[PDB]
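Novice:
4 protein chains.
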Amino acid sequence: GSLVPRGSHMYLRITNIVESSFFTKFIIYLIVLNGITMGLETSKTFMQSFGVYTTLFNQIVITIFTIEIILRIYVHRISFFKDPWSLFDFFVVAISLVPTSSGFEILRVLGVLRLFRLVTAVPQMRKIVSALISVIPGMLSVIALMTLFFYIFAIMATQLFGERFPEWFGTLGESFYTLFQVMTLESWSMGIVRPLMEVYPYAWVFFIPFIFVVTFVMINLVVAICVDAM
Amino acid sequence: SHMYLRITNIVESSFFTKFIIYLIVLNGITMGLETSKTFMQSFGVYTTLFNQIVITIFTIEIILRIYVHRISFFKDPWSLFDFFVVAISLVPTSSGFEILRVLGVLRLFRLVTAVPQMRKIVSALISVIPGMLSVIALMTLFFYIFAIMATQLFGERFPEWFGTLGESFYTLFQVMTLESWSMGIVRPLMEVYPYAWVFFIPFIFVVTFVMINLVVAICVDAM
Amino acid sequence: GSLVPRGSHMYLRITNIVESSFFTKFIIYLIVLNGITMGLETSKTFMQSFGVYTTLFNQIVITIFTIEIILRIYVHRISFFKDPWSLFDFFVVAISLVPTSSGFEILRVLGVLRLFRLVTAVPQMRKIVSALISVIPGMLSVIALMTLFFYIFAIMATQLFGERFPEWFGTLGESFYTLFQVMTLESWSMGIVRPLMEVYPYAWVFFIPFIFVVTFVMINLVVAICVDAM
Amino acid sequence: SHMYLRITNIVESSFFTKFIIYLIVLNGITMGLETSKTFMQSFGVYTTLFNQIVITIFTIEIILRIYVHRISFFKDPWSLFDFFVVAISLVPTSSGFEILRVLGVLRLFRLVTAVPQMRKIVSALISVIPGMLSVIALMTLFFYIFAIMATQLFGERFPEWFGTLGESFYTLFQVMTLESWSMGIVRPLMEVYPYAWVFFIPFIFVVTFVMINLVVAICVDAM
Ligand code: NA
Ligand code: NA
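Chains as they are written, first to last, in the entry's author numbering: chain A, 992 to 1221; chain B, 1999 to 2221; chain A', 992 to 1221; chain B', 1999 to 2221. A prime marks a further copy of an entry chain.
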């Protein structure tokens, strides 16, 4: 493979650096250091004392991480952009590269996602994430079914309850949101359906069978993962 | 037979199912759009005419499917669902109640009908239900007995929650889901009836114990 | 067996009556009839119209049921009082025999328990109750453990929170009650622990580990029934 | 050895364990009674003297158990628990905090220590925990990342729920238990931050998905 390596005179030179155990260790060390520093940046008292420290520390770590991804791309070439873990690394570092201002501060908040590089860089963490994720394919049909089910009941509820209950059902999205809440069973009766039954006494004919189905499916979804994994 | 084979090759074709599924999805999209009051002031007429067109196509389709499948049609659960959900959608713009207009949205479940693999998951989910009916039966009897009890123990001083058998069923269901059962129901009940806990706690143990066994059944009965 | 039968001249006479399929059918028929009549007695409107009907119907059914248990005891003799289903039958009919007044009306309400004779008299209902119940022996240790656990944390909470929160923790029983509620996770935070953290900011150090344990055990209890039954 | 064998037969005996268990249960009963303010006005002195007597016996017991078991004692988890829970109970009537007086009730968990079969269930429950640490670790990291995010997205306008990393941890735990997460937390958050749902819904999916897999593990890993 590798098609046309960078040398392989300096290709191998940087490859042994990148491929080393020290290289991974140092990076992980910085992940943990930056994770600690990010919790510290949460205190307004710490930021009034050591604000400058952590801010420069931050931009320093991010420079190292960018160089790291660059070195890893020269070594792994095309293989890099075919590796989900490396892709996550790339995108979570790229996010972190957007200037101190501009756009919105969501990009600054999403910067904290780089701490998930602990999962990337540490094996066994990969292994558990990998195990959890591979369970998802045998769920897509049920998820698909459930999504269609929510969509149909959201449309119904929007048009049955939206005019007299705009906050909870005024809009398709509002209805989706509220139906999700009912599925988690959070205040479904005292907070949503009892108030609904004061105008619409048969509202129970809608939410109870909704609750049976959504619950029945969730149970089968779990049993699936119990059986499909066992 | 004569023209029987003629329409059968139409109905039985790959094109025929595709076109129908295409209309399911199109009509499903059109139904979400009909939710927006802004969309309906602009393209209201469009979507309304689109709707009556789709429903006419679906009616012709079911007719064609019955001529081909004859008796087999009304013995097929999927076709029956198709039939009833299209018939629902045939009820006039007014008259009766508007539940029928709302029940029209149920025709989107024809996506399940028309797409294989969706049948498969619905089929898998449903076949799990027979080995549950005895437990369901037991639970229903249990709800019935405790609903009657709650009606006559708590109904006079707590009419909204227990004044009526139906109200009691409803409240007991809520307690089973554990939703506000204490802060919202049993603590208030205990300001009048301090031993109310002797009723709802064992009720909660039983209903929970059964649900756990009901699930374990589906864990076991399906495996 | 049977030691000394009643004859067996009339012993066999009543035995064939009692042992018949008709005998069971008739009784079941009355269970269902009385169950229907009991729901009807819930309506204040029905009781103003057909109150006399159902009340006499009730005392009639109860007389038949007492005769039934009597006939069953003469036939089954000692075997009767060794049969859990017959014992339930006996006690649920005896409850139903207590006079129209006297004591409390709990005895009138407990009368509705006789509808569970549907489970007794119908096979397959026995079978599911039997299946559910037999699962309980392999649970007694965990239940025992949990009961001890609740007892210890109830004592702790009574003495940590009872003075400033008499309703929720003023008394061992109040504490038991509240801890049960926290276990069902019902309003545990917004309704109990957040108000508790306004005086006692470390209350979370008590309820969070309580919630982990009680939840962890519940999960293992279920897995037990999953494995012990599978 | 000399008197080593003399006390060993005492400590190792069936009588010795029984008497101790007998005192566990007696002291446990006495601790519930000490909860009643009425009982304490009548028999307060009795139970207090009973308490110091039991604790002195327990201290002698642990000393005797250490002379017999020597090094083996401090390598036995059950004996360590015994030791620490008795030591806790040795702290003077005042000084420090009264948490130590409350932590004294933990000595009732010596019922688990002293009664076999109780060990067995505790042992079974605990051995299940090693095959969970990776998932626990993943979840803790996940909470940490989302807590930091919530602190800086919602902390200024919602100090009580998200003003501080610790507050955010607490609130996120609550959302994970699904307790009032919508009516009590996310709907209020959405009156200021209408896209807050983009944060809590995926948070709820993940935390739930993991819990389900965590359980399935214990279903599988134990079977
Ligand atoms: Na409300
Ligand atoms: Na409160």
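Beta carbons are placed, not taken as given, at the ideal position from N, Cα and C, and that holds for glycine.
Just to confirm, are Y2142(B) and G1030(A') a CB contact at a threshold of 9 angstroms?
Specialist: yes
Novice: Do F1014(A') and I1008(A') have their C-beta atoms within less than 9 angstroms of each other?
Specialist: Note that the C-beta distance between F1014(A') and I1008(A') is below 9 angstroms.
Novice: Label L2003(B) either buried or exposed according to how many other C-beta atoms from any shown protein chain fall within 10 Å of its C-beta, with 16 as the threshold for buried.
Specialist: exposed
Novice: Please list, in chain order, all residues of the same chain as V2204(B) whose beta carbon is under 8 angstroms from its beta carbon, the five residues on each side excluded.
Specialist: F2140
Novice: Quick one: residues in its chain with C-beta nearer than 6 angstroms to the C-beta of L1187(A), no 5 flanking neighbours on either side, listed in chain order?
Specialist: Leaving aside the five residues that flank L1187(A) on each side, the residues in its chain whose CB is nearer than 6 angstroms to its CB run, in chain order, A1194.
Novice: Is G1182(A') near ligand 2 - that is, is its Cβ less than 8 angstroms away from at least one heavy atom of it?
Specialist: At a threshold of 8 angstroms, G1182(A') counts as near ligand 2, since its beta carbon sits closer than that to one of the ligand's heavy atoms.
Novice: What are the residues in the segment 2096 to 2109 of chain B lying within 9 angstroms of chain A by C-beta distance?
Specialist: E2096, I2097, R2099, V2100, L2101, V2103, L2104, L2106, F2107, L2109
Novice: Measure from the C-beta of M1116(A) to each C-beta in chain B' and report whether the shortest distance is under 9 angstroms.
Specialist: yes
Novice: Look up residue 2222(B) in the DSSP assignment and say whether it is helix, strand or coil.
Specialist: Nothing about residue 2222(B) can be read from this structure; chain B reaches only from 1999 to 2221.
Novice: Could you confirm whether any beta carbon from chain B is found closer than 9 angstroms to the beta carbon of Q1150(A)?
Specialist: yes
Novice: Between the segment 1169 to 1183 of chain A' and the segment 1103 to 1118 of chain A', do three or more beta carbon pairs fall short of 8 angstroms?
Specialist: no
Novice: Quick check: what's the CA-CA separation for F1207(A') versus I2127(B')?
Specialist: 10 angstroms
Novice: Mind listing, in chain order, the continuous beta strand (DSSP E) runs of no fewer than 3 residues lying wholly within the segment 1038 to 1103 of chain A'?
Specialist: none
Novice: Would you identify the three-state DSSP class for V1126(A'), choosing helix, strand or coil?
Specialist: coil
Novice: Taking the alpha carbon of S1132(A) as the point to measure from, which residue in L2131(B), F2160(B), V2110(B) has its own alpha carbon closest?
Specialist: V2110(B)
Novice: Can the beta-carbon of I1053(A) be found less than 9 angstroms from the beta-carbon of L1106(A)?
Specialist: At the C-beta level, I1053(A) and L1106(A) stay beyond 9 angstroms of one another.
Novice: Taking 8 angstroms as the cut-off, does the CB of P1186(A') come closer than this to any heavy atom belonging to ligand 2?
Specialist: yes
Novice: Whether or not the segment 2042 to 2051 of chain B and the segment 2072 to 2081 of chain B are in contact is what I'm after, with contact meaning three or more pairs of Cβ atoms, one per stretch, closer than 8 angstroms; do they touch?
Specialist: Counting C-beta pairs with one atom in each stretch, the segment 2072 to 2081 of chain B and the segment 2042 to 2051 of chain B have fewer than three that are closer than 8 angstroms, which means they do not touch.
Novice: Beta-carbon within less than 6 angstroms of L2101(B)'s beta-carbon, same chain only, minus the 5 sequence neighbours each way: which residues are those?
Specialist: Same-chain partners within the cutoff: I2086.
Novice: Under a three-way DSSP split, which group does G2026(B') fall into?
Specialist: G2026(B'): helix per DSSP, three-state reduction.
Novice: Sorry if obvious, but does the Cβ on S1178(A') come closer than 8 angstroms to a heavy atom of ligand 2?
Specialist: The closest heavy atom of ligand 2 lies less than 8 angstroms from the beta carbon of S1178(A').
Novice: Would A1122(A') count as contacting chain B if we go by Cβ distances under 9 angstroms?
Specialist: yes
Novice: CB-CB under 6 angstroms to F2056(B), same chain, minus the five flanking residues each way: which ones, in chain order?
Specialist: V2084
Novice: Under 9 angstroms between the Cβ atoms of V2190(B') and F2156(B')?
Specialist: yes
Novice: Quick one: does the C-beta of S2070(B) sit closer than 8 angstroms to a heavy atom of ligand 3?
Specialist: With respect to small molecules bound, the structure shown includes ligand 1 and ligand 2 and not ligand 3.
Novice: Going by beta-carbon coordinates alone, are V2213(B') and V1213(A) separated by less than 9 angstroms?
Specialist: yes
Novice: Which of helix, strand or coil does DSSP assign to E1189(A)?
Specialist: coil
Novice: Give the single residue among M1147(A'), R1099(A'), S1070(A') whose Cα lies nearest to the Cα of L2151(B).
Specialist: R1099(A')
Novice: Would you mind stating whether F1037(A) and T1046(A) have Cβ atoms separated by less than 9 angstroms?
Specialist: no
Novice: Return the chain-ordered list of same chain residues with a C-beta closer than 8 angstroms to the C-beta of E1010(A), the five sequence neighbours on each side being excluded.
Specialist: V1066
Novice: Interface residues of chain B' around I1119(A) at Cβ under 7 angstroms?
Specialist: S2132, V2133, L2136
Novice: Between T1028(A) and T2149(B'), how many whole angstroms is the CB-CB distance? I'm expecting something under 8 angstroms.
Specialist: Contact doesn't hold; Cβ gap of about 14 angstroms is too wide.
Novice: Pull up the distance between the alpha-carbon of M1137(A') and that of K2035(B'), whole angstroms please.
Specialist: 26 angstroms
Novice: According to DSSP, simplified to helix, strand and coil, what is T2033(B')?
Specialist: coil
Novice: Alpha carbons only, please: which of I2097(B), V2173(B), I2183(B), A2145(B) is nearest the one belonging to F2167(B)?
Specialist: Taking only the C-alpha atoms, the option nearest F2167(B) is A2145(B).
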